[PDB]
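Analysis of the macromolecular model
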Amino acid sequence: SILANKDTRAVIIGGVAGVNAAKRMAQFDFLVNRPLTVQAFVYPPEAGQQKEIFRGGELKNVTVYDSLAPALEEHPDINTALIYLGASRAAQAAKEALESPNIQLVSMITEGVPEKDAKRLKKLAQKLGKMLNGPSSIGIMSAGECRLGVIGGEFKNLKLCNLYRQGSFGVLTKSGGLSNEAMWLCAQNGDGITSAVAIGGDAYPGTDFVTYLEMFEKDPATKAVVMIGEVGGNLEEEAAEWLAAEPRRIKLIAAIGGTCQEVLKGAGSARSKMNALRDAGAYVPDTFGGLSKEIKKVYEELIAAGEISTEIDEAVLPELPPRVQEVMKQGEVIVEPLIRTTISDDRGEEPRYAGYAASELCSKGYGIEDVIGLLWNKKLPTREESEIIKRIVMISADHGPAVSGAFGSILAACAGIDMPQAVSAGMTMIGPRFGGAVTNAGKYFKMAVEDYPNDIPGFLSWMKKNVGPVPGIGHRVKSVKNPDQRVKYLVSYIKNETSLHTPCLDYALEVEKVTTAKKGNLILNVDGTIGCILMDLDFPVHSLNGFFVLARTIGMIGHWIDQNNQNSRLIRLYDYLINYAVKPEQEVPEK
Amino acid sequence: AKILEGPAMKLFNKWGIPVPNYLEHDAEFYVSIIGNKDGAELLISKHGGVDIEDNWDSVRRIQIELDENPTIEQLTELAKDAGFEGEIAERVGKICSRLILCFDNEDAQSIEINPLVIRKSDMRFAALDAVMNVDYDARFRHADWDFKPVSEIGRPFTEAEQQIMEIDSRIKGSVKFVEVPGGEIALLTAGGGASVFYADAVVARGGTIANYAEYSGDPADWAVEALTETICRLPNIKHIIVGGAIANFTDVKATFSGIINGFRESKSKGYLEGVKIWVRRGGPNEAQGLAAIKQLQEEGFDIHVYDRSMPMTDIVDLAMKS
């Protein structure tokens, strides 16, 4: 290996592109069973946040820093920087990294970095005696040791190219896509790679081919180098000069793109580079196809010369853990659900309420009352049940602004709170004293019918001793002298417009004759009326308060809209309305 | 990035380089500054115009180290080595300092002035021919660049050519297209490096390429769809090379979905009739990508898809045979 090894610890300077490179590096980190290469991210927009990076199945949280100084302060360990920023910011980030005494290697993936900037960064790296790779470099890959960047592609490719262990071939390309093709060619025709370096396709790369060939010459593991160049500049001619200069240990295999000498002197022509390299003693094929044959030639040559051992890949390789949903689909894992729903399914093109498509209900002429029955009873209501649900909801919709629920919504409307939150405050008021005695009225009147059929005084005594005031009986303003036409209407509708037998309602109406004889305001109220009607229709007990909660939401939204339309100011209750029965004022004693 | 004579002189004018109004002269000089890995090289000669072609040993060159620009003194003594003397050497040295200021400050790659003429009577200089190549990537830091680059060394950018460059600077990926006059083999290859090796493969065995085209850096489906369509339109089309190496990050399932639609829309227009499509690809989601492109044989195309086991440029051999 040459630049990246098991001692390489990186800082990624960049955003989402940087995070995707880190995720790929973590996949390699898992395959070669090493700790995470990425130690930190430097990205001011997301400073302070943490990125979730999976090392196989294990989640690693990597911190995002505002600048490089705090990153290195928290991770002195870091010796490499990868620049994933755009052209306008990359050169400055690369300068900062090169000037950091911890950082020895800076690699840039950035495309469109001004040549003037790349030239300046190359000279800075030379002064400081540091390595600069790129710009426009996909990465550095050291088989079995380290991956810097996205170089090497998907996990299946790391396995196909045998990137989990050192081979005998080094790879040097200008092109990113071709470093992956060369790695494959070394695995397919040789024993794989030691290190693969994409130097970048820019006019002025940070480090040229000779700089890397010198490093490969000193790496005992590297026995040959596959160099893939292109027409333009002179990086390949200097490499031929390097090779010719002295007897070198490493063999050089080279392919030069750009033999398109038909399309519009040429000192940096493909054919001149091929001749220069061929003359210097490099293995140069006529086409890219011949490169596989040159690798097989060198490989068979190094085994013959006893430099390579024919030790077959007898290694048990880790496999990436699948996502929980994949394993579930195959039924290979048990996932206990967090919740169970029985009333609606949203997974299709539209919701199904108790098995029925929502739009199909609209088309066939059903109403809101029918959707209430489906979602709360899991049964489509009868025309009779439907007509009763419709009247209960309409009759209970609103009862002015003085009531707790409506007043709670008005208070929150005036405090400048949004409708869903304002209405939720009003809905919190629905309980034992205001509108929420529907369920208990139903329960206790059903129990009265069963346990005290001809004994209202017994029922009342039992209630006084065990529950307190009777749910469904009593009102603050309505009385025998001021009747509630809402209850008279519902009772009259059930008695005169249906042939229903309502034993709970009948009992409740009899207790009202006894209670109103005690105090005139002890009338059967809307809670008791709805409670009894719904118990007699055999609606689930749990659903009973639903009718008031839903109906009164119409009123509560109404009040919220009204207060907003009026542009009402914040309510602060008038002083003359409060009885301050407070403690006498006193000095606080010293501790 | 070559720029036209018009915008080039606007930049020359900005830095005080003498330019004709856009004249009768006595002599023609040669002045050029060409960037290198260490900065730039300035080339001066007393024998400009058509006369420079033969008098190349008359050229005096000094290497300007990056951000270590020479003094008006150093340039005037270089002028004297070129054959200049007195005021001619003085004003020429001054032109060079203004040329270096323009090179360094306008993110130039190369500036070539031939001829730089002198009207001796009033010491009126004028840059008659201006060949400027700037680094257009650096456009973001040059708000005064009210111009677009022209073809480096080739004919003017065509109809379909301009449209590929327009859609390129809309997405984070890359899409490039160059029309080769005539040619049978229409390349639709992934990555610049692989594209060049596919073109070389065609030329090497004797074949004729219909174009040059590349798509890299995970381009969005439509960008690849737009490049596919363009390549299908090409004259004398009988072979389409849908090549590429093994992608490092380009989703082949995503790009192939774009290629599939660019193929369907082209064959419906009556283009891909008797045209054999050759697919060879690797990279992220290659299994899904290569399987979905194989499916275009079930209804339509004479497609021959291969995986990584097929050497990269060996589909060129198969295409050129049958």
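Residues numbered from 1 in each chain as written, not as in the entry; some residues may be left out. Chains lettered and ligands numbered in written order. Part of a larger assembly, values for the part shown. Heavy atoms only, no water.

For this coordinate set, the PDB header names X-ray crystallography as the determination method and states a resolution of 2.58 Å.

A look at the sheet that holds strand 9 (residues 185–187) of chain B
All names here are of chain B. Strand order in the open sheet made by the 4 strands is 9-12-13-14, with parallel pairing throughout. Strands at the two margins of the open sheet, each flanked by one partner only, are strand 9 and strand 14 (302–306). For this sheet, the mean inter-axis angle between neighbouring strands, taken without regard to orientation, is 20°. Sheet topology note: the strand 12 (residues 239–242)/strand 13 (residues 276–280) ladder contains 4 bridges and is parallel. (Pairing = 2+ DSSP bridges. Helix = DSSP H or I, 4+ residues; strand = E, 2+ residues; numbered from the N terminus. Axes fitted to C-alpha atoms, helices over the stretch in contact; angles between N-to-C directions.)

What to know about the layout of surface pockets
All names here are of chain A. For the second largest pocket, the calculated volume is near 1,000 Å³. Together, 30 residues line the second largest pocket, and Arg433, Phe434, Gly474, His475 and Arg476 are the ones closest to its centre. Going through the elements one at a time, helix 21 (526–536) and helix 22 (546–566) are the ones with two or more residues in the lining of the second largest pocket. For the lining of the second largest pocket, the class distribution of residues is 14 nonpolar, 10 polar and 6 charged. (1 Å grid on protein atoms, 1.4 Å probe; cavity = no way out; pocket = protein on both sides within 12 Å on 5 of 7 lines; lining within 4 Å. Points joined across faces, edges and corners; volume = space filled by probe spheres on them. Nonpolar A, V, L, I, M, F, W, Y, C, P; charged D, E, K, R; others polar.)

Describing the pairing of strand 4 (residues 58–65) of chain A
All names here are of chain A. Pairing geometry for strand 2 (residues 38–42) and strand 4, over 2 bridges, is parallel. What sits directly across from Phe41, in strand 4, is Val64. Examined bridge by bridge, strand 3 (residues 50–55) and strand 4 share 6 bridges and lie antiparallel to one another. Across the sheet, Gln50 pairs through a bridge with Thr63, a residue of strand 4. Between strand 3 and strand 4, which follow one another and run antiparallel, lie 2 residues, and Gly56 among them has a positive phi close to 75°.

Observations concerning the state of the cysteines
All chains considered together, the criterion is met by 0 disulfides over all chains. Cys161 of chain A carries a free sulfur, and the closest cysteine sulfur to it, the one in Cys186 of chain A, is 9.2 Å from it. The class of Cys161 of chain A is buried, set by a relative accessible area of 1%. The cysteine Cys96 of chain B is free of any disulfide, with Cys102 of chain B supplying the nearest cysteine sulfur at 12 Å. Here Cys96 of chain B falls in the buried class, since its relative accessible area comes to 1%. (Disulfide = S-S within 2.5 Å. Buried < 20%, exposed > 50% of the residue type's maximum accessible area, 1.4 Å probe, protein only.)

What about the UniProt feature "binding site: (S)-malate" (unreviewed entry) in chain A?
Residues and elements named next belong to chain A. Per the UniProt entry, the sites bearing "binding site: (S)-malate" (unreviewed entry) are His399, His475, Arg486, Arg552 and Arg572 in this numbering. Maximum C-alpha separation among the annotated residues is 32.8 Å over a sequence range of 174 residues, too wide for a single clustered spot. Checked against the lining of the second largest pocket, the annotated residues just named reduce to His399, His475, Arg486 and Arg552. Structurally, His475 can be placed in the loop between helix 18 (456–466) and helix 19 (485–496). Setting aside its immediate chain neighbours within four residues, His475 contacts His399, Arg486, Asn521, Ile523 and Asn525. (UniProt positions renumbered as here; feature names shortened; annotations may be inferred. Contact = heavy atoms within 4.5 Å.)

Looking at the interface of chain B and chain A
On the chain A side, the residues contacting the 43 residues of chain B number 47 residues. Roughly 3,800 Å² is buried in total at the junction of chain B and chain A, and carbon and sulfur atoms are behind 55% of that figure. Its largest share of buried area at the contact with chain A, chain B owes to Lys37, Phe197 and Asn248 of chain B, together 20% of the area lost on that side. One can count 4 salt bridges joining chain B with chain A. Note that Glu65 of chain B and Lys123 of chain A form a salt bridge whose closest N and O atoms lie 2.9 Å from each other. Along the contact surface separating chain B from chain A lie 23 residue pairs in polar contact. Contributions of two or more residues to the side of chain B that touches chain A are made by strand 2 (27–36) and helix 5 (192–205) of chain B. Broken down by element, the residue count for the side of chain B that touches chain A peaks at 9 residues, all from helix 5 of chain B. Across the side of chain B that touches chain A, the residue classes tally to 17 nonpolar, 11 polar and 15 charged. (Buried area = accessible area lost by both parts, 1.4 Å probe. Salt bridge = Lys/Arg side-chain N within 4 Å of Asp/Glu carboxyl O. Polar contact = N/O pair within 3.5 Å; in protein donor to acceptor, adjacent residues only side chain to side chain.)

Points about the packing of helix 7 (residues 252–268) of chain B against helix 8 (residues 286–294) of chain B
All names here are of chain B. It is the contact of helix 7 with helix 8, at a shortest axis distance of 8 Å, that shows an interaxial angle of 15°. Looking at the two axes, helix 7 sits roughly parallel to helix 8. As helix 7 packs across helix 8, the resulting crossing turns out to be right-handed. Facing helix 7, whose interface residues are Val252, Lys253, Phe256, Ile260 and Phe263, helix 8 presents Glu286, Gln288, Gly289, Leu290, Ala292 and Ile293. Of the residues assigned to the contact of helix 7 with helix 8, the class counts are 7 nonpolar, 2 polar and 2 charged. (Parallel < 35°, antiparallel > 145°, perpendicular 65-115°, else oblique. Left-handed = near helix turned anticlockwise from the far one by under 90°.)

Describing empty space enclosed by the protein
Vacant regions in the atomic arrangement are exposed by a probe of water-molecule size rolled over the atoms. There is about 170 Å³ of room inside the largest cavity. Along the walls of the largest cavity sit 15 residues, with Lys116 and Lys119 of chain A together with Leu66, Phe103 and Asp104 of chain B positioned nearest its centre. Elements with a contribution of two residues or more to the lining of the largest cavity: helix 4 (115–128) of chain A together with strand 3 (39–45), strand 4 (60–65) and helix 3 (87–105) of chain B. Here the lining of the largest cavity takes 3 residues from helix 4 of chain A, the largest share from any one element. Across the lining of the largest cavity, the residue classes tally to 5 nonpolar, 2 polar and 8 charged. Taken together, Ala255, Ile256, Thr259, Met274, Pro285, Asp286, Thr287 and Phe288 of chain A together with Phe197, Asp200, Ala201 and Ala204 of chain B make up the lining of the second largest cavity. With 4 residues, the top contributor of residues to the lining of the second largest cavity is helix 5 of chain B. Of the residues assigned to the lining of the second largest cavity, the class counts are 8 nonpolar, 2 polar and 2 charged.

Thoughts on the pattern of salt bridges
Using the criterion set out here, one finds 40 salt bridges over all chains in the structure. Here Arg280 of chain B ties to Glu181 of chain A by a salt bridge, and the two come within 3.0 Å at their closest N and O atoms. Of this pair, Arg280 of chain B sits in strand 13 while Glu181 of chain A sits in helix 6 (residues 177–189), each in a different chain. Salt-bridge contacts for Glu41 of chain B lead to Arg61 of chain B; the nearest nitrogen and oxygen are separated by 3.8 Å. Here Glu41 of chain B is found in strand 3, whereas its partner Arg61 of chain B is found in strand 4, with 20 residues between them in sequence. For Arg61 of chain B, a relative accessible area of 45% translates into the label partly exposed. The network of salt bridges with common partners includes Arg55, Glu58 and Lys60 of chain A.

Notes on the packing of aromatic side chains
As enumerated under the stated definition, the model contains 18 aromatic pairs over all chains in all. The interplanar angle of 65° and the centroid separation of 6.2 Å between the aromatic rings of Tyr30 of chain B and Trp56 of chain B together place this pair among those described as edge-to-face. Of this pair, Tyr30 of chain B sits in strand 2 while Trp56 of chain B sits in the loop between strand 3 and strand 4, placing them 26 residues apart in sequence. Three or more aromatic residues link up through ring pairs in this structure, and these residues are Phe445, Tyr452, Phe459 and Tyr507 of chain A. Of note, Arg233 of chain B hangs over the ring of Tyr271 of chain B, and the distance from its end group to the ring centre comes to 4.3 Å. (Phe/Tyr/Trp six-rings, centres within 6.5 Å; stacked < 30°, edge-to-face > 60°. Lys NZ or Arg CZ within 6 Å of the ring centre and 35° of its normal.)

Brief notes about the UniProt feature "binding site: CoA 2" (unreviewed entry) in chain A
Residue and element names in this part refer to chain A. Under the UniProt annotation, the feature "binding site: CoA 2" (unreviewed entry) is placed at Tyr43, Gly86, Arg89 and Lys464. Among the secondary structure elements, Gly86 is positioned in the loop between strand 5 (80–84) and helix 3 (87–99). Tracing the backbone shows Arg89 in helix 3. Judged by relative accessible area, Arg89 falls into the exposed class, the value being 57%.

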